[PDB]
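In the block that follows, a single chain appears as structure tokens, in the form deposited in one PDB entry.
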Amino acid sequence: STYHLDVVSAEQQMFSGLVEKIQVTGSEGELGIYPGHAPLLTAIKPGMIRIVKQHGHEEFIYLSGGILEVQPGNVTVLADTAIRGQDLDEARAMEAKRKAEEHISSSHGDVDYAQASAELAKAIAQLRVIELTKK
């Protein structure tokens, strides 16, 4: 019915308590972790983690990347950079998307494109969290 979740970064402890479920942006694709899920160790791609706290209440946190560790009764997500949805800045994310979008139409190769493509994923991800929080 519930399991323990620890969302931490090198400096902060974003979350620590009981949740009913979470959705992360795993290495293999979108992941849904429930109570009693089988052990797992995966890398997180720049995106977000939806935390469904007990009583069916949500909290959104943007993850630039990190590591997901599912273990018996305990789940831990070590984040590179983690920012709460209410703290993201729309103008700042919008800005990033622009710098990236033009980095794309500057691609003199296929190496610099994948890097501008990465930059964009992060920007798109931030905007998704921003909008998901408003609701």
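In this text, rigid core is short for the largest set of C-alphas that superpose within 1.5 Å between two forms. Shifts are known only where both forms have a C-alpha. One rule holds for the numbers: they count along the sequence shown, beginning at 1.
Just so you know, the form deposited in another entry exists too; it's not on screen, but the next bit is about it.
Residue showing a CA shift of 2 Å or more between this form and the one not shown (rigid core superposed; candidates 58, 80, 90, 69): 90.
Positional change of residue 18 between this form and the one not shown stays under 2 Å at the C-alpha, relative to the superposed core.
Note: the CA-CA distance for residue 98 and residue 25 expands in the other form relative to this form, by 3 angstroms or more. One change in the other form concerns residue 84 and residue 66, whose Cα atoms lie at least 3 Å closer than in this form. Fitting the two forms on their rigid core shows CA movement of 2 Å or more between this form and the one not shown over runs of at least three residues at 81-103, 110-133.
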